[PDB]
Protein chains: 6
Amino acid sequence: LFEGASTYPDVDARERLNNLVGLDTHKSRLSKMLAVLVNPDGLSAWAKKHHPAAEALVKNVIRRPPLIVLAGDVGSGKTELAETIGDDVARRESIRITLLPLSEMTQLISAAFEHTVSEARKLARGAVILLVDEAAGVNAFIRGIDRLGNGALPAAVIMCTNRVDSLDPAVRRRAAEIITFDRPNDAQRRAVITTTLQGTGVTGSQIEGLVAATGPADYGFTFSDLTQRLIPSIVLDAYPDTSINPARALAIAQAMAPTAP
Amino acid sequence: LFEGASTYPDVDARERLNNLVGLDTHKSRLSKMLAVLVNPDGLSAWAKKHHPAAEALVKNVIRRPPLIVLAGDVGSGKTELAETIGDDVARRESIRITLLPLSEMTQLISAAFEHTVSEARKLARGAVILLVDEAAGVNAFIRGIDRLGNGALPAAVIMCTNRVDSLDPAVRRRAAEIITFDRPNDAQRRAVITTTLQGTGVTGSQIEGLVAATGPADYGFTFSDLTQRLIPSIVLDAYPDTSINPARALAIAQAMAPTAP
Amino acid sequence: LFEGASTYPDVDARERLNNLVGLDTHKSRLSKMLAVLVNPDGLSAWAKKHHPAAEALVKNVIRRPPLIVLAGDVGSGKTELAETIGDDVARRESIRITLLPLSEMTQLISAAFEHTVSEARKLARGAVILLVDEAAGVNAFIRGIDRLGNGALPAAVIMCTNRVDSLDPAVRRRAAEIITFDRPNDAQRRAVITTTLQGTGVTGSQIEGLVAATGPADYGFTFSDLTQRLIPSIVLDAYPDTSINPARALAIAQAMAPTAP
Amino acid sequence: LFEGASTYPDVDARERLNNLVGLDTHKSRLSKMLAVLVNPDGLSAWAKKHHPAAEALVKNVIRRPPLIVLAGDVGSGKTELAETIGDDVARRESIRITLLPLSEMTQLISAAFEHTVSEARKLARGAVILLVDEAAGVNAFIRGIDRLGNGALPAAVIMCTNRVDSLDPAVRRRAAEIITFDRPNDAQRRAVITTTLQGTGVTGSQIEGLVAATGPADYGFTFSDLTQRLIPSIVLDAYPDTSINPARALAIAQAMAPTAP
Amino acid sequence: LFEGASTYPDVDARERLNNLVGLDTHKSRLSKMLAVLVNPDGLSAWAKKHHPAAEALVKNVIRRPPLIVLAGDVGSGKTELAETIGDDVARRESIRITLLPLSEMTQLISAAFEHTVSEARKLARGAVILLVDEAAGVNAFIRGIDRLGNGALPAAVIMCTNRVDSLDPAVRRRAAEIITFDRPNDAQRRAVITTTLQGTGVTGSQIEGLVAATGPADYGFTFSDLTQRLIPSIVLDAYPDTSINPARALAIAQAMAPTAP
Amino acid sequence: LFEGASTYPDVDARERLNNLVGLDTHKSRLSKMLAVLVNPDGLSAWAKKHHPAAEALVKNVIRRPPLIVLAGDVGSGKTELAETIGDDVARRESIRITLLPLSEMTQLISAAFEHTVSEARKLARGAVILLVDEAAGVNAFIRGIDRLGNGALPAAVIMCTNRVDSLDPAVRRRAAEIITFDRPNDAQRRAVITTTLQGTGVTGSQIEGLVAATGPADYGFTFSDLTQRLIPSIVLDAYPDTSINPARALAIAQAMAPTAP
């Protein structure tokens with residue numbers, strides 16, 4: 001057993017993906033890297049059509065072990081992104097995708113990789129994503145990743161960590177890509193705020209004030225500070241008898257201090 | 001068993017809530033978020049009446065797992081707020097509320113969540129608040145929170161922590177809202193001081209001096225520094241044979257150093 | 001058993017209290033808070049006579065659990081103050097006071113609190129002070145404090161700690177008052193120096209030099225630096241064949257470096 | 001047993017070596033030092049032909065125990081370099097080279113060194129490289145290194161570490177050479193970027209912008225930041241329907257923050 | 001048993017005391033405090049003859065528990081001072097003094113204190129010094145100190161520690177005096193250098209250069225840096241065929257870096 | 001047993017000593033201090049011939065326990081110096097010297113000291129050096145050192161440590177001399193570079209550039225940075241087909257970053 005396996009495409013995953021705001025770049029990179037890892041021919045074909053004289057442009061990208069690391073601040077949506085991104089990959093490559101979430105550790109890791117290899121052999125018609133929410137056992141994991149990379153099996157591994165320095169170096173150096181979730185920049189803060197406040201009549205000038213109030217002005221808000229503190233506070237301040245007040249929303253953002261690093 | 005369960009509304013909880021000063025914003029956010037978690041229709045109805053064209057305004061707020069984190073300085077009143085806020089929620093939603101305070105840990109957490117689910121099924125006529133004063137066991141807690149969120153059961157979890165970084169990331173990322181208790185700003189210091197000094201003849205100009213003396217001028221007083229050090233010192237300085245002296249109260253505030261971070 | 005129980009008033013406690021210099025404010029606050037905790041009516045009566053319109057002035061002070069925390073630098077006299085202050089409380093309230101000093105920990109704490117409750121029931125004619133020199137067991141202590149607070153029993157707890165951050169948060173948040181012992185300010189340094197040097201012919205101008213030499217000029221002397229280093233050095237420098245020399249006393253103070261934080 | 005032994009020359013090692021960019025200096029030093037350790041006569045002959053009057057020029061280099069330490073940032077390619085560099089040494093000295101990768105620890109280290117000595121005796125027609133990926137056992141390792149150094153056996157040891165301070169001092173002081181992998185300088189960043197972007201039509205002026213955007217401007221990108229984050233992001237941004245856009249590549253580099261030390 | 005007990009006066013202790021340079025103030029304070037602890041009447045008599053109107057001048061000094069703490073940098077001579085200072089006390093008070101050096105810990109401490117009490121009862125004709133070179137057991141030590149203080153027994157305790165913060169607070173607060181050994185000031189550096197260089201023809205101007213070269217100019221030499229590094233280096237530089245050269249001595253002092261804090 | 005005992009003089013030790021560059025001062029101090037410890041009469045005789053009126057000039061140096069501490073950066077050559085310096089002492093005093101290198105710890109230390117005492121009694125015709133490469137057992141070591149010091153036995157102890165603060169204080173305070181190996185100053189860097197580059201045609205002006213490039217300009221190269229990184233890199237850069245190029249040597253030194261403290 002594993003945990004709760006999901007297949008893609010999925011209406012609920014798509015809805016959850018859509019609800020992630022300010023992560024558009026992280027979505028695109030995670031989705032496209034996964035597509036390359038399971039179907040590397042698509043990257044080779046893109047290279048030939050657009051840059052045929054390119055010698056090392058993709059040579060580095062293709063041969064990487066099929067592991068993607070999501071690293072950064074807690075509460076940024078890393079896990080929620082990893083659990084739903086397979087819907088995007090399924091759309092992008094037009095394949096059906098089985099997600100295996102990994103919930104004595106050495107036995108568990110081996111088993112997970114053995115199952116992943118077996119299912120990938122049965123399947124490029126489809127693909128298999130192994131998801132690891134943590135964190136002898138490191139060696140079982142390394143051997144598993146290498147085994148997926150040695151073969152042409154349509155399989156990839158996503159692993160989430162709060163701090164990339166927590167990861168064993170032999171795991172880190174095998175990541176085909178590391179995607180970082182640090183404090184949102186002005187554009188990312190703008191997207192979360194605009195998307196959330198749409199249809200409330202908040203002007204663009206008032207949005208920029210909240211963008212500035214949540215920036216470093218010297219560290220800014222985390223993604224968590226926006227989604228789990230500031231957004232609820234703004235909504236609840238008006239609920240249930242009042243419309244959203246930009247002056248109060250700004251006063252809330254300014255009095256609120258960011259999570260310290 | 002749990003500890004000492006309370007039902008709301010309660011005269012003593014209301015009195016205790018009222019005695020919490022400088023926490024008006026924390027009370028409102030905690031009370032309203034809890035109301036939304038147990039009765040999400042009220043937020044949807046508010047959205048339609050005031051912002052019908054809003055697409056993602058509340059979509060994020062409603063679907064959150066029903067967990068609220070109170071994080072920040074020790075002695076701010078977090079626990080006292082969590083133990084009494086159910087009286088406010090009962091008033092706001094006109095419901096009767098059962099509070100279950102959580103006092104081998106994995107068994108305890110499972111049992112608490114199983115009981116909470118059962119009682120919530122019996123009950124939206126009423127609601128059930130599970131309170132956690134801390135801090136395998138993390139997994140039991142996560143499974144419990146998800147189970148409350150999966151259902152439409154009128155139940156929520158409050159948990160208090162001194163530092164949010166202490167919390168397991170898989171707990172933190174599930175908080176529907178994080179409410180922070182850091183050092184009171186000038187308005188919050190003014191409210192504690194004014195409310196406490198009311199009827200003593202202290203002028204507003206003298207209140208502002210004490211507000212300034214307890215601010216960063218570079219960190220200011222904590223809530224604890226106001227309620228457990230400065231307020232007793234001011235009162236005891238006059239007790240039992242003298243009226244309150246603003247000059248002495250200011251001298252006390254200025255000589256007193258804030259709790260270091 | 002406990003340790004060595006003392007009754008108040010006591011000639012030796014009074015003498016020891018008197019020998020504590022530079023702690024006049026700490027004595028007054030500790031003594032008056034204890035009087036309020038055992039005889040809360042005296043605070044209510046003071047409030048009515050002097051500030052009858054005051055609504056929340058004492059409402060916060062009275063309802064606090066009967067615990068007082070003494071926190072700060074080692075060697076400041078915290079323990080010596082806690083062991084003798086009951087003589088002051090006995091004088092202030094005209095009551096006889098039994099001090100129980102607390103010297104498997106969970107059993108010890110429960111027993112101490114059970115004994116304290118029993119003796120307080122026998123006794124407001126008198127009062128009982130439980131003294132804790134440190135530091136499951138935390139839970140026994142919390143339950144004990146709440147039990148003393150729930151009743152009208154004339155009993156209070158004093159506990160000493162070097163750093164208040166060492167204390168469990170559930171202990172800290174129950175303190176009715178926290179009294180801090182940090183580095184003496186210019187007035188406190190003046191009182192120790194003047195009182196010690198009285199009758200030696202040291203001028204006030206020479207006292208101010210020693211006050212300045214022991215200040216931050218950027219941290220100053222601790223109370224320990226004054227009583228366990230500088231004062232002996234000044235006396236021994238003259239002993240046994242010479243009178244006290246202000247020039248040498250200043251040279252000693254200036255060459256002596258304060259205890260680093 | 002060991003792990004997976006490789007012989008050199010090898011087409012796949014050569015390909016992997018070639019794919020390492022920005023490490024040209026590290027390759028040359030590692031390759032040449034290894035050649036000297038197995039065939040010290042070549043260094044003596046070079047010294048005589050070019051600097052015959054040199055007395056201590058090579059006297060220090062030759063007599064060193066045959067250990068080379070690769071130290072520095074995770075994900076720089078240290079391991080990949082150590083696993084393939086034997087192809088370069090084989091070419092440089094025209095010898096066949098057996099690589100023994102080292103996967104109860106004291107027994108393992110002794111055995112590895114005993115095997116290495118035996119094979120080196122059979123073999124200067126060829127050479128033996130012992131590779132150590134980590135990290136009583138330290139003593140077995142020291143004894144092994146000394147034993148290789150005492151003899152004229154054509155054998156050397158490569159060991160990789162993230163931080164050289166992690167290594168036992170008795171290991172560190174025996175390194176014939178320490179080769180460091182820290183943050184690439186402007187030339188090294190230029191080589192990675194130019195080599196990767198060749199044939200995409202990116203101008204030299206646009207390359208310099210990306211060199212500047214990945215420098216300290218105050219720490220710069222690591223090698224990992226270039227190969228596992230920035231390079232994939234640039235490629236995936238265009239893939240699969242668009243050619244590489246220098247403006248987007250610069251915007252990506254600038255918004256991306258380096259790995260903190 | 002203990003270790004090696006010494007009686008005073010002793011020719012070898014006197015010689016060792018004399019060889020300690022730059023500690024004149026520490027010697028005087030340690031010697032005089034010990035004399036007061038064993039013969040407190042001498043301090044009272046001094047007070048009456050010189051400052052009869054002094055009320056609290058010595059009241060604090062006399063009543064202290066008979067413990068003296070020597071705290072500060074390793075290699076300052078603290079231990080050597082504590083092991084020989086009894087010769088000075090014997091001279092100052094004209095008494096014979098038995099030193100008991102303290103080499104399951106709780107039993108050892110109790111026994112040492114029981115023996116010390118017994119011998120002090122037999123003895124003010126003489127006195128007993130207990131010496132502790134470190135560092136349940138803390139409680140045995142506290143009980144021992146209090147027992148010596150409660151009685152009029154002619155006995156004192158010296159304990160040495162590198163950092164006073166290492167000591168248990170209940171030990172620290174009982175010290176009658178704390179004597180600190182930190183980095184020598186200009187006068188102390190002058191005394192070590194002058195005394196050592198006497199009879200070598202080094203001018204006073206050249207001594208001041210070495211005083212300046214060993215000062216902070218921002219921390220200066222420790223006592224260890226003078227006695228265990230600089231002094232040997234200066235002597236050995238001339239030994240065995242050359243006289244002491246002030247220019248070389250200065251060059252040595254300046255190139256030598258102080259021990260970092 | 002011990003490890004591998006060496007006798008002096010030794011041709012190989014002399015060669016190894018000669019190969020240590022930039023340590024001339026450390027060699028002289030270590031060699032001369034050892035000579036004094038085994039033959040203290042030579043220091044007394046030097047004092048009389050050159051400074052007969054000197055009273056405390058050597059009184060401090062002679063009476064020290066016979067222990068010398070070598071402390072500082074790893075890879076400076078401390079161990080190599082300690083293992084070969086006995087050849088210098090043998091030459092300086094014209095004696096034959098037995099070196100005992102120390103490879104359940106309490107038994108080992110006692111045995112080593114008992115053997116050292118026995119051999120020294122058999123031997124001033126000769127001397128015995130005990131060498132300790134690290135680091136109850138501390139007490140065995142202290143007792144051993146004192147025993148060597150109490151007697152007139154021609155024996156000394158050398159111990160090496162990376163950080164002197166690692167040593168037990170009771171060991172540190174017994175060192176007759178502490179000799180420190182920190183980052184080479186400009187003269188020491190000049191000697192390593194000049195000696196290594198002799199006969200290569202590198203000008204003095206080019207040497208000064210490399211001296212400046214390896215200095216703090218704010219910490220400079222360690223001895224390890226010179227001998228295990230920069231020197232190999234300079235040589236290997238020319239090997240095997242090119243003469244040494246000062247321009248390349250400078251470029252290498254400047255791009256190379258020192259080991260961080």
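Note on naming: letters A, B, ... go to the chains in the order of the sequence lines (proteins, then strands), and numbering restarts at 1 for each one. The basis for the numbers below is simple: all heavy atoms, side chains too, and nothing from hydrogens, waters or symmetry mates.
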Participant: Is any side-chain heavy atom of F/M159 less than 4.5 Å from a side-chain heavy atom of F/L167?
Facilitator: yes
Participant: Quick one, E/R125 and E/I95 - any side-chain contact, counting heavy atoms below 4.5 Å?
Facilitator: no
Participant: Kindly determine whether C/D237 and C/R248 satisfy salt bridge (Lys or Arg N to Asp or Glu O under 4.0 Å), including the steps that lead there.
Facilitator: CA-CA 8 Å; C/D237 176 75; C/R248 304 184 83 190; 3.0 Å; yes
Participant: Which heavy atom in C/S76 sits nearest to a heavy atom in C/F223, and how many Å separate them?
Facilitator: CA-CB, 3.8 Å
Participant: Can any side-chain N or O of E/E119 pair as donor or acceptor with the backbone N or O of E/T116 at less than 3.5 Å?
Facilitator: no
Participant: Could you give the distance from CD1 (C/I244) to CD (C/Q206), rounded to the nearest 0.5 Å?
Facilitator: 11.5 Å
Participant: In the structure I gave you, are the side-chain heavy atoms of E/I158 and E/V132 within less than 4.5 Å of one another anywhere?
Facilitator: no
Participant: Side chains of E/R189 and E/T214 only: does a donor on one sit below 3.5 Å from an acceptor on the other?
Facilitator: yes
Participant: Measure from the side-chain N and O atoms of C/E208 to the backbone N and O of C/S205, and report whether any donor-acceptor pair falls under 3.5 Å.
Facilitator: no
Participant: What residues form a ring pair (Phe, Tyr, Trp, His ring centres under 6.0 Å) with C/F221, not counting sequence neighbours?
Facilitator: none
Participant: If every non-hydrogen atom of E/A175 is compared with every non-hydrogen atom of E/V69, which pair is closest and at what distance?
Facilitator: CB-CG2, 3.8 Å
Participant: List the steps, then state whether side-chain hydrogen bond (donor to acceptor under 3.5 Å, both in side chains) holds for E/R229 with F/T180.
Facilitator: CA-CA 8 Å; E/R229 303 169 63 207; F/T180 55; 2.9 Å; yes
Participant: Atom CG in E/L37, atom CG in E/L43: separation rounded to 0.5 Å?
Facilitator: 10.0 Å
Participant: Looking at every non-hydrogen atom in both residues, tell me the closest pair between E/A136 and E/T106 and how far apart they are.
Facilitator: C-OG1, 3.3 Å
Participant: Could you measure the distance from the CZ atom of E/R14 to the CG atom of E/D12? Nearest 0.5 Å is fine.
Facilitator: 12.0 Å
Participant: Between C/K78 and C/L70 (side chain of the first, backbone of the second, donor and acceptor by atom type, cut-off under 3.5 Å), is there such a pair?
Facilitator: no
Participant: Nearest 0.5 angstrom please: C/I193 CD1 to C/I234 CD1, how far?
Facilitator: 7.5 Å
Participant: Applying side-chain hydrogen bond (donor to acceptor under 3.5 Å, both in side chains), run through C/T84 and C/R16 and close with a yes or a no.
Facilitator: CA-CA 7 Å; C/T84 57; C/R16 298 207 263 141; 5.7 Å; no
Participant: Is the shortest distance from a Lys or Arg side-chain nitrogen in F/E177 or F/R64 to a carboxylate oxygen in the other one below 4.0 Å?
Facilitator: no
Participant: Counting only N and O atoms by type, is there a donor-acceptor contact under 3.5 Å from the side chain of E/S31 to the main-chain atoms of E/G86?
Facilitator: no
Participant: Any idea which heavy atoms bring C/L210 and C/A253 closest together, and the distance?
Facilitator: CD2-CB, 3.8 Å
Participant: Show your working on side-chain contact (heavy atoms from CB on, under 4.5 Å) between E/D73 and E/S224 and close with a plain yes or no.
Facilitator: CA-CA 8 Å; E/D73 301 333; E/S224 182; over 6 Å; no
Participant: Is the shortest side-chain N to carboxylate O distance from E/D88 to E/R91 below 4.0 Å?
Facilitator: no
Participant: Measuring from E/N60:CG to C/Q228:CD, what's the distance to the nearest 0.5 Å?
Facilitator: 11.0 Å
Participant: Surrounding CZ of E/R190 (heavy atoms of other residues, nucleotides or ligands, distance under 6.0 Å), is the total greater than 12?
Facilitator: yes
Participant: Under the rule for salt bridge (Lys or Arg N to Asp or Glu O under 4.0 Å), what residues qualify as partners of E/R29, not counting sequence neighbours?
Facilitator: none
Participant: With the side chain counted from C-beta on, respond yes when F/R174 and F/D146 share a heavy-atom pair under 4.5 Å apart, and no when they do not.
Facilitator: yes
Participant: Report yes if some heavy atom in the side chain of E/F141 is under 4.5 Å from a heavy atom in the side chain of E/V157; otherwise report no.
Facilitator: yes
Participant: Just by modelled atom types, is the E/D10 backbone N or O under 3.5 Å from a matching donor or acceptor in the E/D87 side chain?
Facilitator: yes
Participant: With side-chain contact (heavy atoms from CB on, under 4.5 Å) as the test, would you mind laying out the steps for C/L17 and C/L81 before giving the verdict?
Facilitator: CA-CA 7 Å; C/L17 260 184; C/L81 179 63; 3.7 Å; yes
Participant: Could you check whether E/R173 pairs with C/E80 (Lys NZ or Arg NE/NH1/NH2 to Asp/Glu carboxylate O, under 4.0 Å)?
Facilitator: no
Participant: What is the ring orientation for E/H115 with E/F2, classed by angle as parallel under 30°, tilted 30 to 60°, or perpendicular over 60°?
Facilitator: tilted
Participant: Testing the basics here: between E/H51 and C/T200, what is the closest heavy-atom pair and its distance to 0.1 Å?
Facilitator: CD2-CA, 3.5 Å
Participant: Any ring-ring contact (aromatic ring centres under 6.0 Å, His included) involving residues 159-190 of chain E? Give me the pairs, sequence neighbours left out, ordered by first then second residue.
Facilitator: E/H26-E/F181
Participant: Please determine whether side-chain contact (heavy atoms from CB on, under 4.5 Å) holds for the pair E/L34 and E/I68, giving the CA-CA distance in whole Å, both sets of side-chain angles, and the decisive distance to 0.1 Å.
Facilitator: CA-CA 8 Å; E/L34 285 162; E/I68 302 168; 3.7 Å; yes
Participant: Working note: E/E83 + E/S6, criterion side-chain contact (heavy atoms from CB on, under 4.5 Å); need CA distance, chi angles, decisive distance, verdict.
Facilitator: CA-CA 9 Å; E/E83 290 180 346; E/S6 66; over 6 Å; no
Participant: Main chain of E/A90, side chain of E/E93: is a donor-acceptor contact present, judged purely on distance under 3.5 Å?
Facilitator: no
Participant: How long is the straight-line distance from OG of E/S28 back to OH of C/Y239, given to the nearest 0.5 Å?
Facilitator: 10.5 Å
Participant: When you compare the side chain of E/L57 with that of C/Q198, does any pair of heavy atoms fall below 4.5 Å?
Facilitator: no
Participant: Judged by modelled atom types alone, do C/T222 and C/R183 share a side-chain donor-acceptor pair under 3.5 Å?
Facilitator: no
Participant: Going by heavy atoms in the side chains, are E/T7 and E/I97 under 4.5 Å from each other?
Facilitator: no
Participant: Mark yes or no for whether E/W46, through its side chain, and C/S243, through its backbone, hold a donor-acceptor pair below 3.5 Å.
Facilitator: no
Participant: Just by distance, no angles: are the side chains of C/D225 and C/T259 close enough, under 3.5 Å, to form a donor-acceptor pair?
Facilitator: yes
Participant: Is C/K27 reaching over with its side chain to a backbone N or O of C/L20, donor-acceptor style, under 3.5 angstrom?
Facilitator: yes
Participant: Could you tell me if the side chain of C/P184 sits less than 4.5 Å from the side chain of C/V192, heavy atoms only?
Facilitator: no
Participant: Considering non-hydrogen atoms only, spot the tightest contact between F/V171 and F/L67 and give its length.
Facilitator: O-CD2, 3.5 Å
